[PDB]
Amino acid sequence: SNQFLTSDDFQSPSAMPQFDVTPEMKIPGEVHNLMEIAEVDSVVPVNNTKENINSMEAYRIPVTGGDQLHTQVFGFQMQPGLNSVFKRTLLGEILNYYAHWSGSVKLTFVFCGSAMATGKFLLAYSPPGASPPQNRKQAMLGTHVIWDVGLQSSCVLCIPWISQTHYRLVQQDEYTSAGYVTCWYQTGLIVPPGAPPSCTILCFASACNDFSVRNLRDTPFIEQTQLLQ
Amino acid sequence: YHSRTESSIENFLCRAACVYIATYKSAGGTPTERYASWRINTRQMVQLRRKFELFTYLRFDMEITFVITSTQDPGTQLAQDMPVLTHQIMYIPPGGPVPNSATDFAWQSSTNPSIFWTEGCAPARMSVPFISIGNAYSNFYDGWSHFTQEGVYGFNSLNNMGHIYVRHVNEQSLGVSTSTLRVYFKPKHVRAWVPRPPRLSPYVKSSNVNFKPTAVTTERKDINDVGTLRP
Amino acid sequence: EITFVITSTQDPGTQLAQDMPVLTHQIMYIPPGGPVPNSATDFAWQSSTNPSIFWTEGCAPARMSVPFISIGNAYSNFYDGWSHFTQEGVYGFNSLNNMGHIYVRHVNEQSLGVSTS
Amino acid sequence: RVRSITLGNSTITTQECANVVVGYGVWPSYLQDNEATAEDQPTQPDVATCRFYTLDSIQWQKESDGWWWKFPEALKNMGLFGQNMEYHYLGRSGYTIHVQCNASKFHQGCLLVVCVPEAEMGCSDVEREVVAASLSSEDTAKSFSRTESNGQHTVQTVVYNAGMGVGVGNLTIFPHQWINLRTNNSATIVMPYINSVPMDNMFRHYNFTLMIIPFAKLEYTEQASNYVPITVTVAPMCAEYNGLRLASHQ
Amino acid sequence: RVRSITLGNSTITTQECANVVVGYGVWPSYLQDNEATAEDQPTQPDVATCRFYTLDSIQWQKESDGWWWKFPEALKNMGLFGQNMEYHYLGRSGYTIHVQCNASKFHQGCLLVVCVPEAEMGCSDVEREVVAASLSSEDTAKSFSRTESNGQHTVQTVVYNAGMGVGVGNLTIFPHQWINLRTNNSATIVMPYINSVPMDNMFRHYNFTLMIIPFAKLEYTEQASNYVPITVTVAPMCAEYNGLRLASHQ
């Protein structure tokens, strides 16, 4: 009509015709899709416990050494964008720019201990309509891998995409409809005389190749509204 | 298998956005509120600043649209029948004559492209190409403006897009007409390089990258604290 | 295929506008799960996400077309079921049959006189 | 060389390339036609039961003597395989017990990991009999002892007689592996189904016993973590059943 | 497997065979014809500037937070490359930063070695600006801090915001490498020349910043040497200039 849709692509007359643009040169690192920024790993703040968030201690998962053998290392609700563990990483900063999302999440746990240390962890994953495991025996009968840190230093754990519908809303909280990734002590942490007994795990989350987003909007993080000065 | 066209760089950085709302009168008094002025910078609006600051180097044309709605001021000496309001919107190309006030020769300069628009029809639109000596605009500049590390830390860079000045063309004696301009800026043919992390700290001013130390994420009860467990 | 027929009038009483320029109206379609205006002059109106039409009085009416917007593969006139999980909730009202809202306001800043559309 | 093993859409175990022991020389297999006596078809649950059931880790301390699990009671609560032990009457299954330790290079010790078919055990009191509560727990290990046990209905849990009245060094006769912390780290034994009948009821019968006995005791200096976790992982093989009914009990 | 690298008739560096990171996917190269705007020829000093400039070693202690060098100011006094920064006007160069540590097998820790193009940094006081003396020293590192810096014209050197106001875990977006002392020992990043102009004056502009941040802190027992030396070695690549004149300053 004779209206102005703000979401309407139209050519306009150039204000400065007869002007030659500077010839574009080859700059390395061209981006064509926002999903290429989400498919890189970013360090996941798993230890966000209100006295670590203002330090580097909210990136290090503590694995103490001694006699536990039945307790938990960590655990979180597997939903990027709304969970505090994931909403500030590169994947969960791009998901907050969109209202729908669909795809897999790839986790990677790196054991940052000494080469003389040896142990075993049970990395369990629970499905979306399922309760978090409460002990190591319940987590064993679910979906688990055994990460023997004497043999491998990283444990890549890819998480499947299970939903009734095609996409999934980012800003909503369907409790008990996302999945949990917990980790349990299996053996402990065995060190020789001279090695430090306690250690550190780091987690890295990214997207996969089947990832997609839809329905762009404004990020919840920026609250400022008035112009700067 | 889904489609990834919603998160391309063109579909993510090309939406029109109201970046500047000003008002300008049509009768005398101080020689400042008779016109409007906007130096074209993508730093005063935080929402668009954060999307542009996911990249180091950008290259785009501009697509600026002006939504001008006027009104009749109250008080005595009202115009009754007033013909129609015509407005001049002038784009001062970077390094071009800039109006000190209304009715200045800068307005009648041939060099500065201008649009004469009459009220009651479709809004005024103009397109500006990539205007830089360099080969891209830079959202960041780790460096200085002058030679011997003297000057402001990245503000006199060749990232100048120009100004936009708007005034009434009419010579209206009786009655005042107050117009309000809305600028809907939009980039076209965006090409972006060197992806940067999204900002955590809030902004303080549109000349810096200054910040206050903020937490990396939001707190939780324990390391093994999944939430709610409805069942 | 929604079409808006907007006819305005001049309100009676004192302080009338005499010559008033023209009335421009903003019609905003809030896509399902989109910012919804609490009142007039709210940032929701200036949100880029919600598609809007700026229409000036005296010409052809404003028209917009909205596609099939649903997570599901159809809308359902009936829903023999519940909204939440364990048979709790309202009997078929929070279903994915949401088409959105439509909000209309005057764009003008009219001080003297009122115009009722 | 750090090859991952995925068995079913739940399990991941990481392991290097090492040596296996295959049974008495046979791989586990499915029952053929001229091997059974039952009047029906097996209907094996291959689609759901073949995964890794990683049990809880035991702590090999300096003064520990040995541990045993009785099978198939060791997977009584472990998931769907425990449900098939409830809602069936006969069963037949091989297993792939994988045992591995996490020690440093400054630890030393040696384990013997045996699978003993029909490891019937004597009681700690002569002229008396054992109870089922002293033979095995459902998922946790049962400890051997250095000294003499002296209970009424318990098991003679002295370590050098292995609970069976034999020499503990002669348990090398059955399928076995040595975890020597100097060179070896892991042990993996593939047990077939051994019985005198083609299918037995897997509540009353204990098919085999997995014993883990330290022959050279664990030593370490004062810097070291004063235990080595031993993690056992059992994966059933070619499990097939008969006699669909309710669970008893329960 | 211990292959030596000789670059110019002065330098020898010994290194094993490991992984490299090549830029944003491009190798450094020389400027072609349809890429420049200057009115002259480059006259690249290939015969004298391509060698290894091994900077001084920093000590990774238990309580250290991180270090950054700004480039190309990090080679301001380093030999003939520092002379070319004096006696020229424009310059264009890629680099091959090689970072390696000398730790034992009884040490533990993890580093993140980033190359950040256009790492513009905010000040420790809002409504104020930095000086050039607080952005970088000429050859020594600048330390991040655990707590909040509070100066007037300094840099906000808190470690989890990386001096740029971002999340420190998201610096993985730029070319990077992880030195994990359990498995990795070295890190080598090949940065190309990234700018919006084909050649810039390398006194005012900082092309990139090399940050080395420990994510898992260094732990050791009481026998051990209580630091790990981190040695950085920068080798320029395809350096070419324009504008021969005197040195200013001096």
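Residues numbered from 1 in each chain as written, not as in the entry; some residues may be left out. Chains lettered and ligands numbered in written order. Part of a larger assembly, values for the part shown. Heavy atoms only, no water. Residues with missing side-chain atoms left out of burial classes, pairs and counts.

What the entry reports as its method is cryo-EM, with 3.1 Å given for the resolution.

Asker: Can you walk me through the overall build of chain C in this structure?
Answerer: In terms of helices and strands, chain C carries 0 helices and 7 strands. Of the regular secondary structure in chain C, the N- to C-terminal order runs β-β-β-β-β-β-β. A compact globule built from 117 residues would reach a C-alpha radius of gyration of about 13 Å, whereas chain C, at 19 Å, exceeds it by more than 25%. With the C-alpha coordinates of chain C rotated into their principal frame, the extents come out at 60 × 30 × 25 Å. In chain C, buried positions account for 29% of the 117 residues. Put simply, chain C shows about 7300 Å² of open surface, and 54% of that area lies on carbon and sulfur atoms. (Helix = DSSP H or I, 4+ residues; strand = E, 2+ residues; numbered from the N terminus. Rg over C-alpha atoms; globule rule 2.2 N^0.38 Å. Buried < 20%, exposed > 50% of the residue type's maximum accessible area, 1.4 Å probe, protein only. Areas by Shrake-Rupley, 256 points an atom, 1.4 Å probe, with all protein chains shown as cover.)

Asker: Looking at this structure, how should I read the overall build of chain D?
Answerer: Helix and strand counts for chain D stand at 3 helices and 14 strands. Taking the principal axes of the C-alpha coordinates as reference, chain D spans close to 60 × 55 × 35 Å. Considering only contacts within chain D whose residues lie at least 6 apart along the sequence, 80% involve residues at least 24 apart. (Contact = heavy atoms within 4.5 Å.)

Asker: Looking at this model, I keep getting lost on the pairing of strand β14 (residues 236–242) of chain E. Mind explaining?
Answerer: Residue and element names in this part refer to chain E. Most of β14 is tucked away, with 7 of its 7 residues classed as buried. Sheet topology places strand β7 (residues 90–101) next to β14; 5 bridges connect them, and they run antiparallel. The residue of β14 that forms the bridge with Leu 90 is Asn 242. (Pairing = 2+ DSSP bridges.)

Asker: Whenever I open this one, a nonpolar patch on the surface confuses me. Can you help?
Answerer: A cluster of nonpolar side chains, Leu 169 of chain A together with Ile 71 and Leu 96 of chain C, forms an exposed patch at the surface whose accessible area comes to about 210 Å². Mapping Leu 96 of chain C onto the fold places it in the loop between β5 (62–64) and β6 (101–106). The exposure class of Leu 96 of chain C is partly exposed, given its relative accessible area of 39%. (Patch = residues over 30% accessible without salt bridge, like charges linked within 9 Å, V, L, I, M, F, W, Y side chains within 5 Å. Salt bridge = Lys/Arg side-chain N within 4 Å of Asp/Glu carboxyl O.)

Asker: Honestly, the pattern of salt bridges in this entry has me stumped. Any pointers?
Answerer: Side chains carrying opposite charge are able to pair once their charged atoms draw close together. Taken as a whole, this structure holds 22 salt bridges over all chains when the rule is applied. Linking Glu 53 of chain B and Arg 43 of chain B is a salt bridge whose minimum nitrogen-to-oxygen distance equals 3.9 Å. Of this pair, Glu 53 of chain B sits in the loop between α2 (46–52) and β3 (55–72) while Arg 43 of chain B sits in the loop between β2 (35–39) and α2, and the two are 10 residues apart along the sequence. We note a salt bridge from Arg 146 of chain E to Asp 65 of chain E, for which the minimum N-O separation is 3.6 Å. With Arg 146 of chain E in the loop between β9 (142–143) and β10 (176–180) and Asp 65 of chain E in the loop between β5 (58–60) and β6 (67–71), this pair connects stretches of sequence that are 81 residues apart.

Asker: Could you clarify how one ought to interpret the interface of chain A and chain B in this entry?
Answerer: The extent of an interface is frequently quoted as the accessible surface area lost upon association of the parts. Taken together, the contacts link 81 residues of chain A with 80 residues of chain B. Those elements giving two or more residues to the side of chain A that touches chain B turn out to be β1 (4–5), β2 (30–31), α1 (35–38), β4 (61–63), β5 (72–77), α2 (90–94), β6 (98–102) and β14 (212–216) of chain A. No other element matches β5 of chain A, which puts 6 residues into the side of chain A that touches chain B. For the side of chain A that touches chain B, the class distribution of residues is 42 nonpolar, 28 polar and 11 charged. Here β2 of chain A runs beside strand β10 (residues 187–195) of chain B; their pairing, made up of 2 bridges, is antiparallel. (Nonpolar A, V, L, I, M, F, W, Y, C, P; charged D, E, K, R; others polar.)

Asker: What's the story with the sheet that holds β6 of chain C in this structure? I'm lost.
Answerer: Adjacent strands of a sheet form backbone hydrogen bonds with each other and so pair up, either parallel or antiparallel. Here 4 strands make up an open sheet; going across it, the order is β1(A)-β4(C)-β3(C)-β6(C) and the pairing antiparallel. Single-partner strands in this sheet number two, and they are β1 of chain A together with β6 of chain C.

Asker: I'm lost on empty space enclosed by the protein in this one. Help?
Answerer: Any empty space left between atoms is shown by rolling a water-sized probe over those atoms. Roughly 240 Å³ of internal volume is contained in the largest cavity. Lining the largest cavity are 20 residues, with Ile 68, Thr 69 and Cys 121 of chain B together with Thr 24 and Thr 56 of chain C sitting closest to its centre. For the lining of the largest cavity, the secondary structure elements donating two or more residues are β3 of chain B together with β4 (52–56) of chain C. Sort the elements by how many residues they give to the lining of the largest cavity and β3 of chain B lands first, with 4 residues. (1 Å grid on protein atoms, 1.4 Å probe; cavity = no way out; pocket = protein on both sides within 12 Å on 5 of 7 lines; lining within 4 Å. Points joined across faces, edges and corners; volume = space filled by probe spheres on them.)

Asker: I would appreciate a short explanation of the nonpolar core in the present structure.
Answerer: Side chains that are nonpolar tend, in soluble globular proteins, to be buried together. Ranked by internal contacts, the top residues of the largest apolar core, which has 184 residues, are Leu 107 of chain A together with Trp 69 of chain E. Once you skip the residues sitting within four places of it in the chain, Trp 69 of chain E turns out to touch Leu 55, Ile 58, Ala 74, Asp 139, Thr 140, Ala 141, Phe 208, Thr 209, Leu 210, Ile 212 and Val 232 of chain E. In this structure, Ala 124 and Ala 139 of chain A together with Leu 210 and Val 234 of chain D belong to the second largest nonpolar core, which totals 49 residues. (Core = buried A, V, L, I, M, F, W, Y, C linked by side-chain atoms within 4.5 Å.)

Asker: For this particular structure, what's the right way to read the pairing of strand β1 (residues 17–24) of chain B?
Answerer: A regular strand carries its side chains on alternate faces of the sheet. All names here are of chain B. Most of β1 is tucked away: 6 of the 8 residues are buried. As judged from the 7 bridges shared by β1 and strand β9 (residues 177–185), these two strands associate in the antiparallel manner. Looking across to β9, one finds that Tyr 20 is bridged to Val 183.

Asker: Just checking my understanding: could you explain the environment of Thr 54 of chain D for this structure?
Answerer: Position of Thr 54 of chain D among the secondary structure elements: in strand β4 (residues 53–54). The exposure class of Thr 54 of chain D is buried, given its relative accessible area of 0%. For the pair formed by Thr 54 of chain D and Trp 178 of chain D, sequence separation is 124 residues and the distance between their alpha carbons is 20 Å. Dropping the residues within four chain positions of it, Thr 54 of chain D is found in contact with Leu 122, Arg 136, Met 140, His 144, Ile 146 and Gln 186 of chain A together with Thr 231, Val 232 and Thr 233 of chain D.

Asker: I tried to follow helix α2 (residues 79–86) of chain D on my own but got confused; where do I start?
Answerer: Every α-helical turn comprises 3.6 residues, leaving residues that sit three or four positions apart pointing alike. Taken residue by residue, α2 of chain D has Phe 81, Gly 82, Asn 84, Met 85 and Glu 86 of chain D as its buried positions. For α2 of chain D, the secondary structure elements touched by its buried residues are α1 (46–49), β4, β7 (90–101) and β14 (236–242) of chain D.

Asker: How should the sheet that holds strand β8 (residues 163–168) of chain B be read in this particular structure?
Answerer: Residue and element names in this part refer to chain B. Overall, antiparallel pairing links the 4 strands, which are arranged β2-β8-β4-β5 in an open sheet. Both edges of this open sheet fall to β2 and β5 (114–118), since each of them pairs with a single strand only. The average angle at which neighbouring strand axes cross in this sheet is 15°, direction not considered. (Axes fitted to C-alpha atoms, helices over the stretch in contact; angles between N-to-C directions.)

Asker: How do you make sense of unusual backbone geometry when you look at a structure like this?
Answerer: Most of the time, phi is negative for any residue but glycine, and the peptide bond is trans. For the bond running from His 249 of chain D to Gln 250 of chain D, omega is 0°, close enough to zero to count as cis. Mapped onto the secondary structure, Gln 250 of chain D falls in the segment after β14. Phi at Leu 69 of chain A is positive, roughly 60°, even though this residue is not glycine. You can see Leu 69 of chain A is positioned in the loop between β4 and β5. A residue is classified by how much of its surface remains accessible, and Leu 69 of chain A, at 7% relative accessible area, is buried. The phi dihedral of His 189 of chain B falls on the positive side, at around 60°, and the residue is not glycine. Its place among the elements puts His 189 of chain B in strand β10.

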